[PDB]
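Novice: I'm passing along my_file-v4.tsv; it holds TSV, N, CA and C atoms and all ligand atoms.
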chain	number	residue	atom	x	y	z
A	1	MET	N	96.45	57.56	-88.29
A	1	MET	CA	96.39	56.56	-89.38
A	1	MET	C	97.57	56.74	-90.33
A	2	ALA	N	97.47	57.71	-91.23
A	2	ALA	CA	98.54	58.01	-92.16
A	2	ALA	C	99.01	59.45	-91.98
A	3	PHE	N	99.20	59.84	-90.73
A	3	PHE	CA	99.60	61.20	-90.42
A	3	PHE	C	101.01	61.23	-89.86
A	4	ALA	N	101.48	62.41	-89.51
A	4	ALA	CA	102.81	62.57	-88.94
A	4	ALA	C	102.77	62.26	-87.45
A	5	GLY	N	103.92	61.86	-86.91
A	5	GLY	CA	104.01	61.53	-85.49
A	5	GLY	C	103.95	62.75	-84.61
A	6	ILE	N	103.74	63.91	-85.23
A	6	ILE	CA	103.50	65.15	-84.51
A	6	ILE	C	102.26	65.01	-83.63
A	7	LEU	N	101.31	64.21	-84.11
A	7	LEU	CA	100.11	63.91	-83.36
A	7	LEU	C	100.00	62.40	-83.16
A	8	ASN	N	99.39	62.01	-82.06
A	8	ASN	CA	99.14	60.60	-81.80
A	8	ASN	C	97.68	60.28	-82.10
A	9	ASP	N	97.46	59.59	-83.22
A	9	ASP	CA	96.12	59.25	-83.71
A	9	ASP	C	95.27	58.62	-82.62
A	10	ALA	N	95.91	57.80	-81.80
A	10	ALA	CA	95.23	57.12	-80.70
A	10	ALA	C	94.73	58.12	-79.66
A	11	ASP	N	95.54	59.13	-79.36
A	11	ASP	CA	95.16	60.14	-78.37
A	11	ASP	C	94.08	61.06	-78.92
A	12	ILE	N	94.19	61.37	-80.21
A	12	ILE	CA	93.16	62.11	-80.90
A	12	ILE	C	91.83	61.36	-80.80
A	13	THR	N	91.86	60.10	-81.21
A	13	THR	CA	90.69	59.24	-81.19
A	13	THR	C	90.14	59.07	-79.77
A	14	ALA	N	91.04	58.95	-78.80
A	14	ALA	CA	90.66	58.74	-77.41
A	14	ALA	C	89.76	59.86	-76.89
A	15	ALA	N	90.28	61.09	-76.89
A	15	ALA	CA	89.53	62.22	-76.37
A	15	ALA	C	88.28	62.49	-77.20
A	16	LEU	N	88.37	62.23	-78.51
A	16	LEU	CA	87.23	62.43	-79.40
A	16	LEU	C	86.12	61.41	-79.14
A	17	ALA	N	86.51	60.22	-78.71
A	17	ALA	CA	85.55	59.20	-78.33
A	17	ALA	C	84.86	59.59	-77.03
A	18	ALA	N	85.58	60.33	-76.20
A	18	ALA	CA	85.07	60.77	-74.92
A	18	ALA	C	84.20	62.01	-75.07
A	19	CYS	N	84.64	62.96	-75.90
A	19	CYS	CA	83.89	64.20	-76.12
A	19	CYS	C	82.77	63.98	-77.14
A	20	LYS	N	82.05	62.88	-76.97
A	20	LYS	CA	80.95	62.54	-77.84
A	20	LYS	C	79.64	62.57	-77.06
A	21	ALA	N	79.76	62.61	-75.74
A	21	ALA	CA	78.60	62.67	-74.85
A	21	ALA	C	78.40	64.09	-74.34
A	22	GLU	N	77.17	64.57	-74.40
A	22	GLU	CA	76.85	65.92	-73.94
A	22	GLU	C	77.06	66.03	-72.44
A	23	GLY	N	77.95	66.93	-72.05
A	23	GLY	CA	78.32	67.06	-70.66
A	23	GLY	C	79.73	66.57	-70.42
A	24	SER	N	80.21	65.79	-71.38
A	24	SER	CA	81.56	65.25	-71.32
A	24	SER	C	82.43	65.94	-72.37
A	25	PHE	N	82.42	67.26	-72.35
A	25	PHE	CA	83.11	68.06	-73.35
A	25	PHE	C	84.43	68.63	-72.82
A	26	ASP	N	85.32	67.76	-72.38
A	26	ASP	CA	86.63	68.20	-71.92
A	26	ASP	C	87.58	68.25	-73.10
A	27	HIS	N	87.44	69.30	-73.89
A	27	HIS	CA	88.21	69.44	-75.11
A	27	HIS	C	89.56	70.05	-74.84
A	28	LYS	N	89.67	70.72	-73.73
A	28	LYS	CA	90.93	71.25	-73.33
A	28	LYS	C	91.85	70.10	-72.98
A	29	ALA	N	91.25	69.03	-72.45
A	29	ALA	CA	91.97	67.80	-72.19
A	29	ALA	C	92.43	67.18	-73.50
A	30	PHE	N	91.64	67.40	-74.56
A	30	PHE	CA	92.02	66.95	-75.89
A	30	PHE	C	93.37	67.54	-76.30
A	31	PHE	N	93.52	68.86	-76.15
A	31	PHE	CA	94.75	69.53	-76.56
A	31	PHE	C	95.95	68.99	-75.80
A	32	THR	N	95.81	68.86	-74.49
A	32	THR	CA	96.91	68.40	-73.65
A	32	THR	C	97.15	66.90	-73.81
A	33	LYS	N	96.14	66.17	-74.28
A	33	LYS	CA	96.26	64.73	-74.46
A	33	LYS	C	96.96	64.41	-75.78
A	34	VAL	N	96.50	65.04	-76.86
A	34	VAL	CA	97.03	64.79	-78.18
A	34	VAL	C	98.40	65.43	-78.37
A	35	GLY	N	98.80	66.24	-77.40
A	35	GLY	CA	100.11	66.87	-77.46
A	35	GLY	C	100.09	68.18	-78.21
A	36	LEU	N	98.90	68.76	-78.35
A	36	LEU	CA	98.75	69.98	-79.13
A	36	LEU	C	99.25	71.19	-78.35
A	37	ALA	N	99.30	71.06	-77.03
A	37	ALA	CA	99.79	72.12	-76.16
A	37	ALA	C	101.31	72.17	-76.18
A	38	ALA	N	101.90	71.21	-76.88
A	38	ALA	CA	103.35	71.15	-77.05
A	38	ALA	C	103.70	71.30	-78.52
A	39	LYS	N	103.04	72.25	-79.17
A	39	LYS	CA	103.27	72.51	-80.59
A	39	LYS	C	104.01	73.82	-80.78
A	40	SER	N	104.80	73.89	-81.84
A	40	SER	CA	105.52	75.11	-82.18
A	40	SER	C	104.68	75.94	-83.14
A	41	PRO	N	104.98	77.25	-83.30
A	41	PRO	CA	104.25	78.14	-84.21
A	41	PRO	C	103.95	77.50	-85.56
A	42	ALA	N	104.97	76.92	-86.19
A	42	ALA	CA	104.81	76.28	-87.50
A	42	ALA	C	103.77	75.16	-87.46
A	43	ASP	N	103.83	74.35	-86.41
A	43	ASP	CA	102.89	73.24	-86.24
A	43	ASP	C	101.49	73.80	-86.06
A	44	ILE	N	101.38	74.77	-85.17
A	44	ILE	CA	100.10	75.41	-84.89
A	44	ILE	C	99.53	76.10	-86.14
A	45	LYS	N	100.39	76.47	-87.08
A	45	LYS	CA	99.93	77.11	-88.31
A	45	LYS	C	99.34	76.10	-89.30
A	46	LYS	N	99.84	74.88	-89.30
A	46	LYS	CA	99.22	73.84	-90.11
A	46	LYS	C	97.93	73.40	-89.43
A	47	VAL	N	97.92	73.48	-88.10
A	47	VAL	CA	96.72	73.21	-87.33
A	47	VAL	C	95.69	74.32	-87.58
A	48	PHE	N	96.19	75.53	-87.84
A	48	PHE	CA	95.36	76.64	-88.32
A	48	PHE	C	94.56	76.20	-89.54
A	49	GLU	N	95.25	75.61	-90.49
A	49	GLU	CA	94.61	75.14	-91.71
A	49	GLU	C	93.66	73.98	-91.41
A	50	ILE	N	93.79	73.39	-90.22
A	50	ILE	CA	92.85	72.36	-89.80
A	50	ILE	C	91.50	72.95	-89.37
A	51	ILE	N	91.49	73.97	-88.48
A	51	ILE	CA	90.22	74.61	-88.10
A	51	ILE	C	89.66	75.36	-89.31
A	52	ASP	N	90.55	75.69	-90.24
A	52	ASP	CA	90.14	76.22	-91.53
A	52	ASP	C	90.01	75.08	-92.53
A	53	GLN	N	89.09	74.15	-92.26
A	53	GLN	CA	88.98	72.93	-93.06
A	53	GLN	C	88.56	73.26	-94.49
A	54	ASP	N	87.96	74.44	-94.66
A	54	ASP	CA	87.56	74.93	-95.97
A	54	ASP	C	88.71	75.62	-96.68
A	55	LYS	N	89.71	76.03	-95.91
A	55	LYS	CA	90.82	76.83	-96.41
A	55	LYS	C	90.29	78.16	-96.96
A	56	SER	N	89.72	78.95	-96.06
A	56	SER	CA	89.05	80.18	-96.43
A	56	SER	C	89.66	81.39	-95.73
A	57	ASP	N	90.81	81.16	-95.08
A	57	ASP	CA	91.55	82.20	-94.34
A	57	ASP	C	90.80	82.59	-93.06
A	58	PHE	N	89.63	82.00	-92.88
A	58	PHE	CA	88.83	82.19	-91.68
A	58	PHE	C	88.28	80.84	-91.26
A	59	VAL	N	88.06	80.66	-89.97
A	59	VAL	CA	87.61	79.39	-89.45
A	59	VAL	C	86.27	79.55	-88.70
A	60	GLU	N	85.19	79.16	-89.37
A	60	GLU	CA	83.84	79.27	-88.81
A	60	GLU	C	83.40	77.98	-88.13
A	61	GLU	N	82.22	78.01	-87.49
A	61	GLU	CA	81.69	76.85	-86.78
A	61	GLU	C	81.52	75.65	-87.70
A	62	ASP	N	80.99	75.89	-88.90
A	62	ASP	CA	80.78	74.82	-89.88
A	62	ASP	C	82.09	74.15	-90.25
A	63	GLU	N	83.19	74.86	-90.05
A	63	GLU	CA	84.50	74.30	-90.31
A	63	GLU	C	84.95	73.45	-89.15
A	64	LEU	N	84.68	73.90	-87.93
A	64	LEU	CA	85.01	73.13	-86.74
A	64	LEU	C	84.25	71.82	-86.70
A	65	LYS	N	83.18	71.74	-87.47
A	65	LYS	CA	82.41	70.52	-87.56
A	65	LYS	C	83.22	69.41	-88.21
A	66	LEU	N	83.79	69.68	-89.38
A	66	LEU	CA	84.57	68.67	-90.09
A	66	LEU	C	86.08	68.91	-89.96
A	67	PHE	N	86.47	69.91	-89.18
A	67	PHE	CA	87.88	70.24	-89.02
A	67	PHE	C	88.61	69.05	-88.40
A	68	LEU	N	87.87	68.26	-87.65
A	68	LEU	CA	88.44	67.12	-86.97
A	68	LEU	C	88.74	66.01	-87.96
A	69	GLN	N	87.91	65.89	-88.98
A	69	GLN	CA	88.16	64.94	-90.05
A	69	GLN	C	89.39	65.36	-90.83
A	70	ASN	N	89.69	66.65	-90.77
A	70	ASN	CA	90.88	67.19	-91.41
A	70	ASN	C	92.09	66.99	-90.51
A	71	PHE	N	91.83	66.96	-89.21
A	71	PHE	CA	92.87	66.68	-88.22
A	71	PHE	C	93.24	65.20	-88.28
A	72	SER	N	92.22	64.35	-88.23
A	72	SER	CA	92.39	62.91	-88.31
A	72	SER	C	91.18	62.28	-88.99
A	73	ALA	N	91.44	61.27	-89.82
A	73	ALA	CA	90.42	60.69	-90.70
A	73	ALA	C	89.30	60.02	-89.92
A	74	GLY	N	89.61	59.52	-88.73
A	74	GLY	CA	88.60	58.86	-87.92
A	74	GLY	C	88.22	59.67	-86.70
A	75	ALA	N	87.96	60.95	-86.91
A	75	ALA	CA	87.59	61.84	-85.82
A	75	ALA	C	86.08	62.08	-85.79
A	76	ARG	N	85.58	62.47	-84.63
A	76	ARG	CA	84.15	62.68	-84.44
A	76	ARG	C	83.79	64.13	-84.70
A	77	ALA	N	82.63	64.36	-85.30
A	77	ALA	CA	82.14	65.72	-85.51
A	77	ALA	C	81.51	66.23	-84.22
A	78	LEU	N	81.86	67.44	-83.84
A	78	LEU	CA	81.47	67.99	-82.55
A	78	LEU	C	80.00	68.39	-82.53
A	79	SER	N	79.36	68.16	-81.40
A	79	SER	CA	77.94	68.42	-81.25
A	79	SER	C	77.67	69.78	-80.61
A	80	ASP	N	76.41	70.03	-80.27
A	80	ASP	CA	75.95	71.33	-79.76
A	80	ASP	C	76.83	71.85	-78.65
A	81	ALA	N	76.82	71.17	-77.52
A	81	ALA	CA	77.54	71.67	-76.38
A	81	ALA	C	79.04	71.47	-76.56
A	82	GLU	N	79.40	70.46	-77.35
A	82	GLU	CA	80.78	70.14	-77.60
A	82	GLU	C	81.46	71.26	-78.40
A	83	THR	N	80.91	71.58	-79.57
A	83	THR	CA	81.47	72.65	-80.39
A	83	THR	C	81.45	73.97	-79.62
A	84	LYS	N	80.38	74.17	-78.85
A	84	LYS	CA	80.19	75.40	-78.09
A	84	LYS	C	81.34	75.65	-77.11
A	85	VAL	N	81.51	74.73	-76.17
A	85	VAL	CA	82.52	74.88	-75.13
A	85	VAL	C	83.92	74.83	-75.74
A	86	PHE	N	84.09	73.97	-76.73
A	86	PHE	CA	85.36	73.85	-77.44
A	86	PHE	C	85.73	75.18	-78.11
A	87	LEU	N	84.80	75.74	-78.88
A	87	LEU	CA	85.05	77.01	-79.56
A	87	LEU	C	85.41	78.08	-78.54
A	88	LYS	N	84.56	78.21	-77.52
A	88	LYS	CA	84.70	79.26	-76.52
A	88	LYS	C	85.96	79.12	-75.68
A	89	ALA	N	86.60	77.94	-75.73
A	89	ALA	CA	87.90	77.76	-75.09
A	89	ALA	C	88.86	78.83	-75.58
A	90	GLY	N	88.74	79.16	-76.86
A	90	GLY	CA	89.56	80.19	-77.45
A	90	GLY	C	88.75	81.38	-77.89
A	91	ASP	N	87.59	81.11	-78.50
A	91	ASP	CA	86.69	82.15	-78.98
A	91	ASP	C	86.23	83.02	-77.81
A	92	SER	N	86.94	84.12	-77.60
A	92	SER	CA	86.69	84.99	-76.48
A	92	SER	C	85.81	86.15	-76.91
A	93	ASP	N	85.90	86.50	-78.18
A	93	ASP	CA	85.11	87.60	-78.73
A	93	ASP	C	83.70	87.14	-79.09
A	94	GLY	N	83.48	85.83	-78.99
A	94	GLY	CA	82.15	85.27	-79.15
A	94	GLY	C	81.60	85.43	-80.54
A	95	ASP	N	82.42	85.15	-81.55
A	95	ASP	CA	81.99	85.29	-82.93
A	95	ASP	C	81.81	83.94	-83.61
A	96	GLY	N	81.65	82.89	-82.80
A	96	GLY	CA	81.30	81.58	-83.33
A	96	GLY	C	82.36	81.00	-84.24
A	97	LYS	N	83.59	81.38	-83.99
A	97	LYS	CA	84.70	81.00	-84.84
A	97	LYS	C	85.92	80.78	-83.97
A	98	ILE	N	86.93	80.18	-84.55
A	98	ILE	CA	88.19	80.12	-83.88
A	98	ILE	C	89.14	81.09	-84.53
A	99	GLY	N	89.28	82.27	-83.94
A	99	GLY	CA	90.37	83.11	-84.33
A	99	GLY	C	91.64	82.37	-84.04
A	100	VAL	N	92.60	82.41	-84.93
A	100	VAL	CA	93.74	81.53	-84.77
A	100	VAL	C	94.60	81.97	-83.60
A	101	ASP	N	94.41	83.21	-83.20
A	101	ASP	CA	95.04	83.73	-82.01
A	101	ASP	C	94.24	83.29	-80.79
A	102	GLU	N	92.92	83.20	-80.96
A	102	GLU	CA	92.04	82.60	-79.96
A	102	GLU	C	92.42	81.13	-79.80
A	103	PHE	N	92.76	80.51	-80.93
A	103	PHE	CA	93.15	79.11	-80.99
A	103	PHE	C	94.42	78.85	-80.19
A	104	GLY	N	95.46	79.62	-80.47
A	104	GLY	CA	96.70	79.47	-79.74
A	104	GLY	C	96.50	79.60	-78.24
A	105	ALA	N	95.58	80.47	-77.86
A	105	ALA	CA	95.27	80.69	-76.45
A	105	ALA	C	94.56	79.48	-75.83
A	106	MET	N	93.57	78.93	-76.53
A	106	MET	CA	92.79	77.81	-76.00
A	106	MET	C	93.64	76.55	-75.87
A	107	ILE	N	94.61	76.40	-76.76
A	107	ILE	CA	95.44	75.22	-76.77
A	107	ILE	C	96.44	75.29	-75.64
A	108	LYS	N	96.94	76.49	-75.41
A	108	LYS	CA	97.94	76.73	-74.41
A	108	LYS	C	97.30	76.77	-73.03
A	109	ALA	N	96.05	77.23	-72.98
A	109	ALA	CA	95.33	77.44	-71.73
A	109	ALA	C	96.08	78.44	-70.85
B	1	CA	CA	87.58	78.45	-93.25
B	2	CA	CA	86.17	84.59	-81.87
If you convert what's in this file into structure tokens, what do you get?
Specialist:
Amino acid sequence: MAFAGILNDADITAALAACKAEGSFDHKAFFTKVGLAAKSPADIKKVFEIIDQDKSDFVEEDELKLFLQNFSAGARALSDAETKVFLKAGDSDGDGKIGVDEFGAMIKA
């Protein structure tokens, strides 16, 4: 909408419209679709502040809920299985959060 061309609002919206059905949680496709897998450290660090929608130096599940609204104004809030598989894409230590190093890993795959 009113964001930088670093991200394609349409691609964000696209995968988010798809990852709204339980069982259709291809969020890794989200990263590669929106172009997030082609981000530089600096970009990924502002994206850090996105999963940290609270800006608390830590990114918890409750943040991943509205973190998408912080990513894009017309984004969908992730559901049970959606947030789960999405988080675990990077969350390897299983602490219900996105460690930003876990994050870089999940985006890169
Ligand atoms: Ca936070
Ligand atoms: Ca973790």
Novice: Which protein, DNA or RNA residues have an atom within 5 Å of ligand CA 2 (chain B), counting all atoms listed in the file, as a list in words?
Specialist: residues 91, 92, 93, 94, 95, 96, 97 and 99 of chain A
Novice: So, counting only N, CA and C atoms and all ligand atoms, which residue among A:11, A:49, A:43, A:102 is closest to ligand CA 1 (chain B)?
Specialist: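 Going through A:11, A:49, A:43, A:102 one by one, the smallest distance to ligand CA 1 (chain B) is for A:49.
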Novice: Going by DSSP on the backbone, which bits of chain A are alpha helix (DSSP H)? Write them as a PyMOL selection string, please.
Specialist: chain A and resi 9-18+27-34+41-51+61-71+80-90+100-108
Novice: Could you make a table, as CSV, of the residues of chain A that have an atom within 10 Å of an atom of ligand CA 1 (chain B), each with its nearest atom pair and distance in Å to one decimal, counting only C-alpha atoms and all ligand atoms, in chain and number order?
Specialist:
residue,atom,partner,partner_atom,distance
A:48,CA,B:CA1,CA,9.4
A:49,CA,B:CA1,CA,7.9
A:50,CA,B:CA1,CA,8.8
A:51,CA,B:CA1,CA,6.9
A:52,CA,B:CA1,CA,3.8
A:53,CA,B:CA1,CA,5.7
A:54,CA,B:CA1,CA,4.4
A:55,CA,B:CA1,CA,4.8
A:56,CA,B:CA1,CA,3.9
A:57,CA,B:CA1,CA,5.6
A:58,CA,B:CA1,CA,4.2
A:59,CA,B:CA1,CA,3.9
A:60,CA,B:CA1,CA,5.9
A:61,CA,B:CA1,CA,8.9
A:62,CA,B:CA1,CA,8.4
A:63,CA,B:CA1,CA,5.9
A:64,CA,B:CA1,CA,8.8
A:67,CA,B:CA1,CA,9.2
A:97,CA,B:CA1,CA,9.2
A:98,CA,B:CA1,CA,9.5
Novice: I want to know what sits within 9 Å of residue A:86, based on only C-alpha atoms, with residues of the same chain fewer than 5 positions away left out; could you give that as a PyMOL selection string?
Specialist: chain A and resi 25-28+78+81+91+106
Novice: Take the residues that were just selected and, keeping N, CA and C atoms, output them as a PDB file, keeping the file's coordinate frame.
Specialist:
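Result file is result_21.pdb:
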ATOM      1  N   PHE A  25      82.420  67.260 -72.350  1.00  0.00           N
ATOM      2  CA  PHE A  25      83.110  68.060 -73.350  1.00  0.00           C
ATOM      3  C   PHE A  25      84.430  68.630 -72.820  1.00  0.00           C
ATOM      4  N   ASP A  26      85.320  67.760 -72.380  1.00  0.00           N
ATOM      5  CA  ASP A  26      86.630  68.200 -71.920  1.00  0.00           C
ATOM      6  C   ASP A  26      87.580  68.250 -73.100  1.00  0.00           C
ATOM      7  N   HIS A  27      87.440  69.300 -73.890  1.00  0.00           N
ATOM      8  CA  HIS A  27      88.210  69.440 -75.110  1.00  0.00           C
ATOM      9  C   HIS A  27      89.560  70.050 -74.840  1.00  0.00           C
ATOM     10  N   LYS A  28      89.670  70.720 -73.730  1.00  0.00           N
ATOM     11  CA  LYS A  28      90.930  71.250 -73.330  1.00  0.00           C
ATOM     12  C   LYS A  28      91.850  70.100 -72.980  1.00  0.00           C
ATOM     13  N   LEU A  78      81.860  67.440 -83.840  1.00  0.00           N
ATOM     14  CA  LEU A  78      81.470  67.990 -82.550  1.00  0.00           C
ATOM     15  C   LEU A  78      80.000  68.390 -82.530  1.00  0.00           C
ATOM     16  N   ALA A  81      76.820  71.170 -77.520  1.00  0.00           N
ATOM     17  CA  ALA A  81      77.540  71.670 -76.380  1.00  0.00           C
ATOM     18  C   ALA A  81      79.040  71.470 -76.560  1.00  0.00           C
ATOM     19  N   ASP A  91      87.590  81.110 -78.500  1.00  0.00           N
ATOM     20  CA  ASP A  91      86.690  82.150 -78.980  1.00  0.00           C
ATOM     21  C   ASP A  91      86.230  83.020 -77.810  1.00  0.00           C
ATOM     22  N   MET A 106      93.570  78.930 -76.530  1.00  0.00           N
ATOM     23  CA  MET A 106      92.790  77.810 -76.000  1.00  0.00           C
ATOM     24  C   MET A 106      93.640  76.550 -75.870  1.00  0.00           C
TER      25      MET A 106
END
Novice: Which residue gives the smallest distance to residue A:104 among A:17, A:74, A:44, A:32, with all atoms listed in the file counted?
Specialist: A:44
Novice: As an exercise, work out the distance from atom CA of residue A:19 to atom CA of residue A:82 in Å and give it to one decimal place.
Specialist: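 Straight-line distance from atom CA of residue A:19 to atom CA of residue A:82 works out to 6.9 Å.
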Novice: In Å, rounded to a single decimal, give me how far atom CA of residue A:12 is from atom N of residue A:34.
Specialist: 6.0 Å
Novice: Neighbours of residue A:10 within 7 Å (all atoms listed in the file; same-chain residues fewer than 4 positions away dropped), as a PyMOL selection string?
Specialist: chain A and resi 1+14-15
Novice: Filtering to N, CA and C atoms, could you give me those residues as a compact mmCIF listing (two decimals), in the coordinates of the input?
Specialist:
# COMPACT_ATOMS: atom_id res chain seq x y z
N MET A 1 96.45 57.56 -88.29
CA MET A 1 96.39 56.56 -89.38
C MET A 1 97.57 56.74 -90.33
N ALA A 14 91.04 58.95 -78.80
CA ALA A 14 90.66 58.74 -77.41
C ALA A 14 89.76 59.86 -76.89
N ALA A 15 90.28 61.09 -76.89
CA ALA A 15 89.53 62.22 -76.37
C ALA A 15 88.28 62.49 -77.20
Novice: Using atom CA of residue A:2 and atom CA of residue A:76 as the two end points, give the distance in Å to one decimal.
Specialist: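 Separating atom CA of residue A:2 from atom CA of residue A:76 is a distance of 17.0 Å.
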Novice: Padding 5 Å on every side, please: axis-aligned box over the listed atoms of stretch 74-92 of chain A, centre and edge lengths to one decimal in Å, as JSON.
Specialist:
{"center_x": 82.8, "center_y": 72.5, "center_z": -81.9, "size_x": 23.7, "size_y": 37.3, "size_z": 23.6}
Novice: With only N, CA and C atoms as the atoms that count, which of A:71, A:7, A:101, A:83 lies nearest to residue A:36?
Specialist: A:7
Novice: Counting all atoms listed in the file, figure out which residue out of A:8, A:90, A:108, A:70 gets nearest to residue A:33.
Specialist: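 The shortest atom-to-atom distance to residue A:33 comes from A:8.
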Novice: Considering only C-alpha atoms, state which residue in the set A:68, A:18, A:6, A:89 is at the smallest distance from residue A:38.
Specialist: A:6
